[PDB]
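S.K.:
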Amino acid sequence: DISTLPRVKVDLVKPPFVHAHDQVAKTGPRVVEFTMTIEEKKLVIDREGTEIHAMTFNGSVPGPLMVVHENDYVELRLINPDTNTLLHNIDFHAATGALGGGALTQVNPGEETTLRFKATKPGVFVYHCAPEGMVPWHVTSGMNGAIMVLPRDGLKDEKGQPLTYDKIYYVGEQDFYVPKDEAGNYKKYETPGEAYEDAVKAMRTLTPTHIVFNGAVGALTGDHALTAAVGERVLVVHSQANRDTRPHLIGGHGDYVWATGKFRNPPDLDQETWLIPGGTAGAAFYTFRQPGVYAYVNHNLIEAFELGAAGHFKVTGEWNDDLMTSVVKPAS
Amino acid sequence: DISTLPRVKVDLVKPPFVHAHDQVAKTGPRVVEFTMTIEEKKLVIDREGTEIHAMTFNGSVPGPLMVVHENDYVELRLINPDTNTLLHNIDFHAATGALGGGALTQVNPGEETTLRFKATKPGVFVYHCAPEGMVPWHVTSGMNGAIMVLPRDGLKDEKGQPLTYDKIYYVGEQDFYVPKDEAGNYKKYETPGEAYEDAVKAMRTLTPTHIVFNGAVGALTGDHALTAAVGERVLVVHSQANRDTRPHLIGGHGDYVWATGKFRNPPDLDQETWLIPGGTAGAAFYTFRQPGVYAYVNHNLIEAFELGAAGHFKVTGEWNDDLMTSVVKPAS
Amino acid sequence: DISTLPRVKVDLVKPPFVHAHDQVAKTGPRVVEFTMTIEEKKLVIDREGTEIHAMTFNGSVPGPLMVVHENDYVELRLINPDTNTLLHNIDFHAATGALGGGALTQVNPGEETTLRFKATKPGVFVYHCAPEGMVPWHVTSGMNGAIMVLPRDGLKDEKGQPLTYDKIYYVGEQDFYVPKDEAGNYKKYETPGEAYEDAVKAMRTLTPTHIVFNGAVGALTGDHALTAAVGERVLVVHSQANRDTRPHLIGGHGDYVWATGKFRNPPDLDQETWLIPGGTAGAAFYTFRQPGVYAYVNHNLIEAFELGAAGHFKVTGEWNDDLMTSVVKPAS
Ligand SMILES: O=N[O-]
Ligand SMILES: O=N[O-]
Ligand SMILES: O=N[O-]
Ligand SMILES: O=N[O-]
Ligand SMILES: O=N[O-]
Ligand SMILES: O=N[O-]
Ligand SMILES: O=N[O-]
Ligand SMILES: O=N[O-]
Ligand SMILES: O=N[O-]
Ligand SMILES: O=N[O-]
Ligand SMILES: O=N[O-]
Ligand SMILES: O=N[O-]
Ligand SMILES: O=N[O-]
Ligand SMILES: O=N[O-]
Ligand SMILES: O=N[O-]
Ligand SMILES: O=N[O-]
Ligand SMILES: O=N[O-]
Ligand SMILES: O=N[O-]
Ligand SMILES: [Cu+2]
Ligand SMILES: [Cu+2]
Ligand SMILES: [Cu+2]
Ligand SMILES: [Cu+2]
Ligand SMILES: [Cu+2]
Ligand SMILES: [Cu+2]
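First to last, the protein sequences are chains A, A' and A''. A prime marks a further copy of an entry chain. Under the entry's author numbering, think of the first position of the first sequence as 8, with each following residue one higher. Under the entry's author numbering, think of the first position of the second sequence as 8, with each following residue one higher. Under the entry's author numbering, think of the first position of the third sequence as 8, with each following residue one higher.
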């Protein structure tokens, strides 16, 4: 009887940060209660000032990472305030039935709903809006995130030994399709209905105009670079709700990678780059061995360095000259 | 001596259905005899009435699924009737030598040929036409299918335990490249030779105009939706002869997935989405747990919902409120 | 103390050939010394005579395959002669720290540098140039290769048994983005600086104009076809520094494949086609069973047969009619 289970309310945080949780479950199964408020908002996505009408869960692109354990129940209160204009819903790839919840969560502006589902499979999973007839438009306007369902005994390596992370980050990668005129400049629009056919035309090109981490070019850089220390074990969850990506840590590796995100499978070891298919979340575990700046990229390097799919880690600590050294510095 | 082996004649069926077979081999190795007749035909591929000149094995896009067991011999009689205009052949990715058979099976209109090969590797494999100098044109005109080579003791899970499906479906996904003029409308053509250079130009864009299951937008919907019941174990074989795809069952999972289709490998567990590379067939096994409508899609959602790569399952049975429920239905 | 280790100087060879090495390490850890000289040069990449300004390591696209064992040190002397015009560097995906070495290896024309790093992870890995602000331009101008870090006890299969190759080839696959005018003809340019913005524009299309093996359409054909004999065990290392590929041996298989290239993982068995993500090297092992011509392709068949991503094997030996035969040759 679900009513006899503990309830715990989670307060979500903005990506790339992740709400506090325990890797190894410290309680039995629980109903884990989340609330998200949909926000349609203008977002500047590049250094040129290109502004789009984003559709968000909780104000961010991506939406926040939710974290539960296997066989917990996820109870989500989804709020669509009357300041929004569109119908929205939510589909969890972690859930079973009713189009992942989408069939049960259609909320007009001024409405809310509560969905409960049992998290029966461990892994990282995409969630996204998916209103009938409008699915890719909502998803490619930012309106996707991820949920991590941890095994109750935490992560394990390929031999069944524990893998415990010290830090976790969530990198949502977003493909945008900003409509272009025949000279190639972006268009804007006066209403969502007036934008819709050219959004469809732009999407049909299958060529994103921007591919960004955490909602904008450069979002994971400078003061907002990811951080770690030498010797820290870091889990990076990476999702892409619509298009393949190939993450790579420049100067590092994925020591243990679940490229398609499902923890019942043994991880792939020692990866340089891995393929996360569109519509999937993946997770990579790495122990830093060197300080300095790293770039975390989609290793289509055009996508990374021209379209925006690049962020930075700043890592503190001691340099290891055994691992790498300049024997002769550049010189004439 | 192959002449001492039993022969069995298979009568093929139209996708997404699959000819009757046994999962666990009930006989020793056999020569399994198949016949396919090539048909060049007009096909309407979308709701707008866009009509192409399709090139088919057995009248369908995809061609039918052939099913044998490991170390059977596949004997195919391939017929190119004189009502066709082009040279065709067949290449089996399951076979070894002679470009998969393509070098031995070149048939002008009015010709036939018989090829035999030993199915030495278990898995699902693409087959496709591949005439020298014209390969992608034939393949992207529909002229591909798949063959399943079952292990003699049937499918097994990651622990070596049997996996037995109750139903099997074959979803062939087809990328079409319908030539467009500079305003973006499709062109038609008066002969294959007159179409060829613009087919090549259209293909060179690397941007399909349509991506469909079972030969047309909506083919696997309505009266032709896939069906199952709660508790049924379903195997979905999915092929793509030319371009990557990322299947996903909306509201479900791939409980056991051979993404690259080869049964000697342990399956990946609990997949949300999986990557089937172009030129591969994959297979996913799922036990339905909830009734209702599911969408089975390529989870590039633009490809699914704008270009055609979406079908439906209709599932009968009892709803499980433990797995999912609406706690509070959408309301003001 | 690294100075107490043996040093061995390797003399590199042009792809697709690979410098001599031992699969099982015959010495303890060593410092393996390599030298590469950067060459900017004109290269004709297609049958039409399209000529680009290539950026190369050691005069070739791809750069040469380097081979070491796990826990060897790689010491590379990188020379940028004063006959070049651009700044270059090198990033090894095999290395840890300093952006794979790129932060330590920036060489103006007329400069050289020496980098040492410990090869701590076994596998095949990409290396590429990556000058800050110019990364995809250099990589997509050819300026990438691979390094193989063998386990000290050589390759092993999924059961831990040895896999020993008789021959090894390195296929580098290169995506080029040759700028096109509005009629679709290639442009040329008078200086690298004058080419840069249109190179960026061309790259931003995400649509390669050419995808080639060993630097040009047809490079691995005719007198330069790959060769083998029936019964030979062949390892094909395949890299793609920027874009996904899906190799396939037409008429054969990948008997053992490390699609993402890392030897600590068990190989995938019996592959028809496999996905090597952009920014990765993979490796496939096959034992030839039939003589004749094979095509080795990227199985996006448009990429293979229209854009250039196809080569040939010529295999000598005895035909096996048990594996494949023409029962009835094509006839009326
Ligand atoms: O707890 N049954 O999924
Ligand atoms: O943090 N425990 O390994
Ligand atoms: O055609 N101008 O969007
Ligand atoms: O091209 N990725 O969906
Ligand atoms: O199939 N491209 O997303
Ligand atoms: O989904 N397993 O990485
Ligand atoms: O039966 N030998 O492949
Ligand atoms: O249908 N036997 O599990
Ligand atoms: O340029 N009209 O196909
Ligand atoms: O983009 N798939 O071949
Ligand atoms: O590489 N795209 O099929
Ligand atoms: O090919 N193994 O999924
Ligand atoms: O030898 N330590 O990587
Ligand atoms: O070449 N030894 O298997
Ligand atoms: O617009 N001509 O490159
Ligand atoms: O489409 N491959 O990066
Ligand atoms: O994501 N295409 O390389
Ligand atoms: O990276 N393992 O193929
Ligand atoms: Cu929405
Ligand atoms: Cu989805
Ligand atoms: Cu044909
Ligand atoms: Cu093929
Ligand atoms: Cu360079
Ligand atoms: Cu790189």
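Ideal Cβ placement from N, Cα and C applies to all residues, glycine included.
#1: Could you please give me the residues that DSSP links to residue 5 (chain A') through a beta bridge?
#2: Please classify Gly-179 (chain A): does DSSP put it in a helix, a strand, or coil?
#3: Suppose the cutoff is 6 Å on Cβ atoms and the five residues either side in sequence are ignored; what does the same chain contact list for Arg-159 (chain A') look like?
#4: Is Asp-277 (chain A') near ligand 20, judged by its Cβ being under 7 Å from some heavy atom?
#5: List the residues of chain A'' whose Cβ lies closer than 7 Å to the Cβ of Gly-258 (chain A), in chain order.
#6: Nearest chain A C-beta to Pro-129 (chain A') closer than 8 Å, yes or no?
#7: According to the Cβ coordinates, are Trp-265 (chain A) and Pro-274 (chain A) closer than 8 Å?
#8: With 7 Å as the limit, tell me which residues of the region 205 to 235 of chain A' have their beta carbon closer than that to any beta carbon of chain A; keep them in chain order.
#9: Listing by chain order, which chain A' residues have their CB less than 8 Å from the CB of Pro-169 (chain A'')?
#10: At a Cβ threshold of 8 Å, is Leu-122 (chain A') touching chain A''?
#11: Note down, in chain order, all residues in the region 173 to 193 of chain A'' with a beta-carbon under 7 Å from any beta-carbon belonging to chain A.
#12: List the whole-angstrom C-beta distance separating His-60 (chain A) from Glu-47 (chain A), where the pair is believed to meet the contact cut-off of C-beta under 8 Å.
#13: Is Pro-143 (chain A) close to chain A'? Criterion is C-beta to C-beta, closer than 8 Å.
#14: State buried or exposed for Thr-198 (chain A), treating a residue as buried only when at least 16 other CB atoms are found within 10 Å of its CB.
#15: If you measure from each CB to the nearest heavy atom of ligand 7 and keep those under 7 Å, what residues do you get, in chain order?
#16: Does the beta carbon of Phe-320 (chain A') sit closer than 8 Å to a beta carbon anywhere in chain A?
#17: Once DSSP output is grouped into helix, strand and coil, what is the label at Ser-10 (chain A)?
#18: Identify which residue in A':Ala-190, A':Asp-251, A':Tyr-177 and A':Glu-118 has its Cα closest to the Cα of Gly-70 (chain A').
#19: So with CB distances below 8 Å, who are the chain A contacts of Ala-302 (chain A')?
#20: Using only Cβ atoms and a threshold of 6 Å, which residues come within that distance of a heavy atom of ligand 10? Order them by chain position.
#21: Beta-carbon within less than 6 Å of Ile-86 (chain A')'s beta-carbon, same chain only, minus the 5 sequence neighbours each way: which residues are those?
#22: Looking only at DSSP bridge pairs, what is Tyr-263 (chain A) linked to?
#23: For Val-322 (chain A'') versus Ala-235 (chain A''), is the C-beta distance shorter than 8 Å?
#24: Indicate the three-state DSSP secondary structure (helix, strand or coil) for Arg-240 (chain A') in the structure shown.
#25: Skipping 5 residues on each side, what residues in its chain have a beta carbon closer than 7 Å to that of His-260 (chain A')?
#26: Would a check of beta-carbon distances place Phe-312 (chain A') closer than 8 Å to chain A?
#27: Could one say the Cβ of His-255 (chain A'') lies closer than 8 Å to chain A''s Cβ atoms, at least one of them?
#28: Closer than 6 Å by C-beta to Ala-206 (chain A'): which residues in its own chain qualify, once you throw out the five before and the five after it? Chain order, please.
#29: Determine the direct distance from the alpha carbon of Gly-140 (chain A'') to that of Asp-182 (chain A), and round the result to whole angstroms.
#30: CB of residue 385 (chain A'') to nearest heavy atom of ligand 11: below 7 Å?
#31: When the distance is taken between beta carbons, is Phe-124 (chain A'') closer than 8 Å to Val-156 (chain A'')?
#32: Given a cut-off of 8 Å on the beta-carbon distance, is the pair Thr-171 (chain A) and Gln-30 (chain A) in contact?
#33: Please tell me whether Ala-137 (chain A'') has its Cβ less than 8 Å away from any Cβ of chain A'.
#34: Please report the distance separating the alpha-carbon of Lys-187 (chain A') from that of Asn-115 (chain A').
#35: From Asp-164 (chain A') to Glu-204 (chain A''), what does the alpha carbon distance come to, in whole angstroms?
#36: Closer than 7 Å, Cβ to Cβ, to anything on chain A: give me those residues from the region 282 to 296 of chain A', in chain order.
M.R.: Looking at the atomic coordinates:
#1: Residue 5 (chain A') lies beyond the residue range present for chain A', which begins at 8 and ends at 339; the question has no answer from this structure.
#2: For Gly-179 (chain A), the secondary structure class from DSSP, reduced to helix, strand or coil, is strand.
#3: Scanning its chain for C-beta atoms nearer than 6 Å, with the 5 sequence neighbours on each side dropped, one finds around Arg-159 (chain A') the residues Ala-32, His-76 and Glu-77, in chain order.
#4: Taking the Cβ of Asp-277 (chain A') as the reference point, every heavy atom of ligand 20 lies at 7 Å or farther away.
#5: By Cβ distance, chain A'' contributes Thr-103, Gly-104, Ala-105, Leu-106 and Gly-107.
#6: Closer than 8 Å to the CB of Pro-129 (chain A') there is not a single CB belonging to chain A.
#7: Yes, the Cβ-Cβ distance between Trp-265 (chain A) and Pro-274 (chain A) is below 8 Å.
#8: Answer set for the region 205 to 235 of chain A': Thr-214.
#9: Taking a Cβ-Cβ threshold of 8 Å, none of the residues of chain A' is close to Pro-169 (chain A''); the smallest such distance is about 19 Å.
#10: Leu-122 (chain A') counts as touching chain A''.
#11: For the region 173 to 193 of chain A'', the set of positions with a beta-carbon nearer than 7 Å to some beta-carbon of chain A is empty.
#12: The Cβ separation is near 7 Å, so the contact holds.
#13: Taking a beta-carbon distance threshold of 8 Å, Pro-143 (chain A) counts as an interface residue toward chain A'.
#14: Counting the other Cβ atoms within 10 Å of the Cβ of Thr-198 (chain A) gives fewer than 16, which makes it exposed.
#15: Summarising the contact set, residues whose Cβ lies nearer than 7 Å to any heavy atom of ligand 7 are, in chain order, A':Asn-78, A':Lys-125, A':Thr-127, A'':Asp-329 and A'':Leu-330.
#16: False, the Cβ-Cβ gap to chain A never drops below 8 Å.
#17: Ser-10 (chain A) falls in the helix class under three-state DSSP.
#18: The candidate whose alpha carbon is nearest that of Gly-70 (chain A') is A':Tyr-177.
#19: Within chain A, the residues near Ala-302 (chain A') are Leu-106.
#20: Here the residues close to ligand 10, judged by CB distance below 6 Å to any of its heavy atoms, are A':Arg-250, A':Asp-251, A':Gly-285 and A'':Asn-307 in chain order.
#21: Take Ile-86 (chain A'), set aside five residues on each side of it, and the residues of its chain with a beta-carbon closer than 6 Å to its own are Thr-44 and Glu-119, in chain order.
#22: A:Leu-276 and A:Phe-292, per the DSSP bridge assignment.
#23: Taking 8 Å as the cut-off, the beta carbon of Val-322 (chain A'') is found closer than this to the beta carbon of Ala-235 (chain A'').
#24: Strand.
#25: Counting only Cβ-Cβ distances below 7 Å, and skipping sequence neighbours, we find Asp-277, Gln-278, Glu-279 and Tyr-293.
#26: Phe-312 (chain A') has a beta carbon lying within less than 8 Å of a beta carbon in chain A.
#27: Answer yes: the Cβ-Cβ gap between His-255 (chain A'') and chain A' drops below 8 Å somewhere.
#28: Cβ neighbours of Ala-206 (chain A') beyond the five flanking positions: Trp-144.
#29: Looking at the backbone, the Cα of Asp-182 (chain A) and that of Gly-140 (chain A'') are separated by about 22 Å.
#30: Because chain A'' in this structure spans residues 8 to 339, residue 385 (chain A'') falls outside the shown range and cannot be described.
#31: For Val-156 (chain A'') and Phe-124 (chain A''), no; Cβs fall outside 8 Å.
#32: Cβ distance < 8 Å, so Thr-171 (chain A) and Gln-30 (chain A) count as in contact.
#33: No, because no Cβ of chain A' sits closer than 8 Å to the Cβ of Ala-137 (chain A'').
#34: Distance between the alpha carbons of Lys-187 (chain A') and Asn-115 (chain A'): 30 Å.
#35: Computed Cα separation, rounded: 53 Å.
#36: The region 282 to 296 of chain A' vs chain A, Cβ under 7 Å: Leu-282 and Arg-296.
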